[PDB]
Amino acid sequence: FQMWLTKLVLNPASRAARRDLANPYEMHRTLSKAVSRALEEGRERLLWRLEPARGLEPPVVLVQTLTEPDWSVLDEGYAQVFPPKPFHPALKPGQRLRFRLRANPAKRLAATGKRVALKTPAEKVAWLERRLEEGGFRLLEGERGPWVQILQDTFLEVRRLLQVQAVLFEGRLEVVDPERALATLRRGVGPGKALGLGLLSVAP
């Protein structure tokens, strides 16, 4: 009952990689090949993120899995694989952590039956603040506001036409219920998980 973290540095010379970078869905299809069996048996929850462009490059993909992934499944010259290290999120109560999460802060309109994305940063943060509090976490805060900052906010138009509002949060949170917290990390947070959203990364 642990997890696995993999760091994939994608080779931009690879046409297979360049395709998966353009198409979040085609990236999910590729990634799920490495945990193909446990998915078939419905005992896997695959979560991943494309880490924010820094350089200089090169593109980095962080991949979280419940089962040990077999990265020999990738195309030759697709990515430089780093050994999947057994991740145990040893969580004690009241523990505080830096976090990163690219998520989809939205809401199901009942007037249309559709799931539209929230507009203002004030209501985007309110979504995160709710979602973490549901999941055994709690956003830290100073007398100015919550301890979070939105870094990216892009509208993904994935062809497969999938349309999703991708929002990158980064801030600080406390652990209230360590059991609820662990489960949240395992599940991920909010929609668009097959698009590279949901993975809540935490570090001390």
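Sequential numbering from 1, following the sequence displayed. In this text, the rigid core denotes the largest set of C-alpha atoms whose superposition between the two forms falls within 1.5 Å.
Here the rigid core sets the fit, and in 6 other deposited structures of this protein the C-alphas of 101-109 stray farther than those of the other stretch, out of 101-109 and 125-133. Superposition on the core shows that, in 6 other deposited structures of this protein, the C-alpha atoms drift more in one of 43-51 and 138-146; this is 138-146. Unmodelled deposited residues between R160 and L161: 4 to 9, per the record.
Taking only CA atoms, the mean B-factor in the PDB entry is higher for 7-15 than for the other of 186-194 and 7-15. Comparing 78-86 with 116-124, the stretch with the higher mean C-alpha B-factor in the PDB entry is 116-124. Across the options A103, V73, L109, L97, the residue with the most elevated CA B-factor in the record is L109.
The entry assigns its greatest Cα B factor, within the set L46, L50, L151, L173, to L151.
Among the modelled residues of its chain, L140 has a C-alpha B-factor that falls in the highest third, as given in the PDB entry. In this PDB entry, the Cα temperature factor of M27 sits in the middle third of its chain's modelled residues. Among the modelled residues of the chain, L39 sits in the middle third by CA temperature factor in this PDB entry.
Looking at the C-alpha B-factors along this chain, the one for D177 belongs to the middle third. When the modelled residues of the chain are ordered by C-alpha B-factor, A166 sits in the middle third.
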